[PDB]
Number of protein chains: 2
Amino acid sequence: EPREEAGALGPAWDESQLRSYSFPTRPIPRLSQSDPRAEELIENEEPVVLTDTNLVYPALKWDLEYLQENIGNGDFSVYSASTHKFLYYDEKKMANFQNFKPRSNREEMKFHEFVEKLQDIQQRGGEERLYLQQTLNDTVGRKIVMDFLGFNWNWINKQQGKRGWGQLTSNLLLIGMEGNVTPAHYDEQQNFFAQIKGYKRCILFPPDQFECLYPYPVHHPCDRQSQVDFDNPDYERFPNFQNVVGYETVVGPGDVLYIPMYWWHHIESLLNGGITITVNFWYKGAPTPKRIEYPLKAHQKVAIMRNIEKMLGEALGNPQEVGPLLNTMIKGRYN
Amino acid sequence: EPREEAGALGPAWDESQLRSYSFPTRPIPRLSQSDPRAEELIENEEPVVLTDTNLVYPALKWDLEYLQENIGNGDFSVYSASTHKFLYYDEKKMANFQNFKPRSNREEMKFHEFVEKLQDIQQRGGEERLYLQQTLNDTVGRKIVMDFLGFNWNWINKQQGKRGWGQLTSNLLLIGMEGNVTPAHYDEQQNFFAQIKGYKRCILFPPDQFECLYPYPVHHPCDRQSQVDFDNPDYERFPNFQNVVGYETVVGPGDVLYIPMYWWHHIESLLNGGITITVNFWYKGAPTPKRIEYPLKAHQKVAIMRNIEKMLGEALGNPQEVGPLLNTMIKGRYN
Ligand SMILES: O=C(O)C(=O)C[C@H](CCCc1ccccc1)C(=O)O
Ligand SMILES: O=C(O)C(=O)C[C@H](CCCc1ccccc1)C(=O)O
Ligand SMILES: [Zn+2]
Ligand SMILES: [Zn+2]
């Protein structure tokens, strides 16, 4: 249920701002950084919302005005779409599927250009949607550097150390419009997802729900994203989506959501909730141990399947032949 | 059609001695060793019957009396079954499938014991069937050594050399009763199949008919054998068996059938044709070239599928989990 803002400022959000879906959910725990139960959830690669890390405390003051003045004059990737759904696609893989035409369009622009194009849309009451998704890098101005340096590296570096993770891979800055949706997908890195402005509903599914969520082929541009349209699920093609069960939370400013690697997550910016701002923190997972303990975890079986698809594509010389060979291998033999 | 024996001794066999099956066939070429077309078929890994190799010329005099006196006192593997079908099973794999109970029983016996047990059956008019299948080895007596040494090694060694094959792996001695059937299966080695006594109908299918012939799982004891019962094909489980097309021949004494590696073959001893005797010659195939030429041959795709099954069984720690993972990989994704 919705949390209540300090100073009797009312519920920060209400249930009318959440989209409606076909499956049930149960809440992700919201705990203090100091709560041993939080450390045990992270250790066991289960999601948890930490309410008091201060991980991005200097960025809580961020808004569009502030960022435009200080984020510098680098290029920012901005996606545009006529739908609320911003399905990720990997442009390096579009050669394998020359029949895939994305629904989002990516435009590289300056931050002020992003603010203006967003202003124009608001002014003319258009229905075009934008989502800025850009890795933070050296081109940011001095006050963003100062803010970045003031993140709680003491806390997150200890996490990284305790869990045996690899190095921080990148931080993604995410600025979306109310109602934007990033469809369900899993990532191969560990993620601390730090909410800065506005509210995002996060729906996670464990790796053992692979069978219910139907990822695209590995060589397709939408590798790791679900094929299922959550707004109109096709149960004839995706029957096990009728068994899917999620873990849900709404993060607001100050919250940090641990999204364990291989966990599926669907992310939406709350309807009529204004713009959202988030920064994520991606780490490579801990190395695979030399001695493999059986039984294997769910995410290890996902990794085996990915590797089988990649090797078959290499061996056959063409990723389009992956599906026919696999069918030939199973029909009348393993089904 | 049936060939005619020299000296106006009539057709050696007639069509009434062949079992009846559901698919069509066309003949395998019968050619002279000296015929360039024969060399081109072998070079292109296509079956051919060579009528004049003299490969096992000293063994053409072999019968049960002769062999019993001279084959020595080693152990011979003899299979018994209540059916005409002698489905091969690999005893080293029976641990993976503790629910598989063979229909053939293997008994290790002396050759005279084989002749006697065969006599008893004939005497009492029983319907029990035997099939002796034994690798030739050092225990054979001097006259079999002399016979073996007189095979046409000049011709077969040149074949082995020309084709880049590996070393002769083994020679299998095969002594079966009229009507015995070895069900359809493929082998991973190259085979020169030398007929000595009686007549065997050989039905081959190219490796690109994998999809029509439904081999057992790699880790099952009947790895490489078809699951399809040729006498009662289940078209609901094995629908593509309705598209299978074979290449057929009847080999008699003096004939040598080249069975290329990965080619499926079904072998039957002709009804009411007496005992049959055969010796095969298995060679490892030529090494896989360093530079892989695309497109891949059918047998190369079979080998990829085999390797995928073997690695998945190793990675998962249990061959029983191979089928569920493969289904999970394909359902709603590649089918
Ligand atoms: O931080 C995460 O991991 C998220 O999923 C946040 C998500 C945007 C992700 C865009 C994307 C999708 C697939 C691959 C790489 C990038 C959002 O907040 O809308
Ligand atoms: O020479 C061949 O290759 C044959 O198929 C001949 C065949 C008996 C083969 C028995 C067997 C089946 C599977 C694996 C190893 C051995 C016959 O003539 O009845
Ligand atoms: Zn993600
Ligand atoms: Zn064989």
Side-chain angles (χ1 to χ4, degrees), chain A residues 47 86-88 133 169-170 172 174 181-193 200 202-205 223-226 257-267 278 280-282, chain B residues 47 77 79 81 84-93 104 106 129-135 169-205 215-216 221-226 250-251 256-270 275-283:
Chain A
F86 284 87
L87 183 66
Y88 170 84
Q133 311 185 343
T169 277
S170 66
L172 191 62
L174 295 160
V181 167
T182 290
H185 69 276
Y186 67 88
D187 299 298
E188 295 189 84
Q189 302 203 355
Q190 306 278 8
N191 184 358
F192 280 117
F193 182 85
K200 278 175 170 189
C202 304
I203 302 172
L204 279 56
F205 310 86
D223 175 36
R224 304 181 308 280
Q225 331 296 294
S226 175
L257 173 59
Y258 173 51
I259 306 179
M261 59 182 337
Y262 283 97
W263 281 60
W264 290 85
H265 43 289
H266 161 111
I267 309 296
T278 312
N280 79 7
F281 290 69
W282 270 313
Chain B
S77 295
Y79 294 89
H84 55 276
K85 276 180 233 127
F86 284 87
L87 183 66
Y88 170 84
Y89 47 91
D90 179 349
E91 316 193 354
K92 294 161 159 166
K93 276 167 180 175
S104 295
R106 179 173 59 91
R129 295 171 170 272
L130 307 168
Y131 207 157
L132 176 151
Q133 311 185 343
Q134 176 59 46
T135 294
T169 277
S170 66
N171 297 99
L172 191 62
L173 173 65
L174 295 160
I175 307 181
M177 295 175 74
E178 59 194 2
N180 282 11
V181 167
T182 290
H185 69 276
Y186 67 88
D187 299 298
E188 295 189 84
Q189 302 203 355
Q190 306 278 8
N191 184 358
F192 280 117
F193 182 85
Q195 190 61 15
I196 286 155
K197 178 175 179 64
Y199 295 84
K200 278 175 170 189
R201 184 211 200 166
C202 304
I203 302 172
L204 279 56
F205 310 86
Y216 289 84
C222 303
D223 175 36
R224 304 181 308 280
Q225 331 296 294
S226 175
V250 177
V251 293
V256 173
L257 173 59
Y258 173 51
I259 306 179
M261 59 182 337
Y262 283 97
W263 281 60
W264 290 85
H265 43 289
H266 161 111
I267 309 296
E268 68 191 41
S269 287
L270 257 62
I275 65 138
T276 56
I277 302 179
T278 312
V279 172
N280 79 7
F281 290 69
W282 270 313
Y283 297 83

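Numbered from 1 within each chain, the chains take letters A, B, ... in sequence-line order. Indexing begins at 1, ligand by ligand and atom by atom, following the structure's order. All values below were derived from every heavy atom in this structure, side-chain atoms included, with hydrogens, water molecules and symmetry-related copies excluded.
Between B/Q195 and B/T278, the side chains place a donor N or O and an acceptor N or O closer than 3.5 Å (distance only, hydrogens not considered). A side-chain N or O of B/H265 and one of B/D187 form a donor-acceptor pair less than 3.5 Å apart. Using modelled atom types, one finds a donor on one side chain and an acceptor on the other under 3.5 Å when comparing A/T169 with A/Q189.
Of all heavy-atom pairs spanning A/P260 and A/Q190, the tightest one is CA-OE1, 3.4 Å.
Neighbouring protein atoms of the Zn ion (ligand 4) (N, O or S, distance under 2.8 Å, waters ignored): B/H185 NE2, B/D187 OD2, B/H265 NE2.
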- Item | side chain to side chain contact (heavy atoms under 4.5 Å, CB included) between A/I267 and A/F193, intermediate numbers included | CA-CA 11 Å; A/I267 309 296; A/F193 182 85; 4.1 Å; yes

- Take B/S77 and B/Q133, measure what side chain to side chain contact (heavy atoms under 4.5 Å, CB included) needs, and give me the verdict at the end. CA-CA 6 Å; B/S77 295; B/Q133 311 185 343; 5.6 Å; no

- Query: Given B/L172 and B/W282, is the side chain to side chain contact (heavy atoms under 4.5 Å, CB included) satisfied, shown in steps?
  - Reply: CA-CA 8 Å; B/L172 191 62; B/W282 270 313; 3.9 Å; yes

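Close placement of the B/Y258 and B/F192 rings is indicated, their centers lying within 6.0 Å of each other.
The aromatic rings of B/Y262 and B/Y186 sit parallel, their planes meeting at an angle under 30°, below the 60° perpendicular limit.
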Dump the pairs for me: ligand 2 N or O, protein N or O, distance under 3.5 Å, to 0.1 Å.
{"unit_1": "ligand 2", "atom_1": "1 (O)", "unit_2": "B/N191", "atom_2": "ND2", "d": "3.1"}
{"unit_1": "ligand 2", "atom_1": "1 (O)", "unit_2": "B/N280", "atom_2": "ND2", "d": "2.9"}
{"unit_1": "ligand 2", "atom_1": "3 (O)", "unit_2": "B/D187", "atom_2": "OD2", "d": "3.3"}
{"unit_1": "ligand 2", "atom_1": "3 (O)", "unit_2": "B/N191", "atom_2": "ND2", "d": "2.9"}
{"unit_1": "ligand 2", "atom_1": "5 (O)", "unit_2": "B/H185", "atom_2": "NE2", "d": "3.1"}
{"unit_1": "ligand 2", "atom_1": "5 (O)", "unit_2": "B/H265", "atom_2": "NE2", "d": "3.3"}
{"unit_1": "ligand 2", "atom_1": "18 (O)", "unit_2": "B/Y131", "atom_2": "OH", "d": "3.2"}
{"unit_1": "ligand 2", "atom_1": "18 (O)", "unit_2": "B/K200", "atom_2": "NZ", "d": "2.7"}
{"unit_1": "ligand 2", "atom_1": "19 (O)", "unit_2": "B/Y131", "atom_2": "OH", "d": "2.4"}
{"unit_1": "ligand 2", "atom_1": "19 (O)", "unit_2": "B/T182", "atom_2": "OG1", "d": "2.6"}

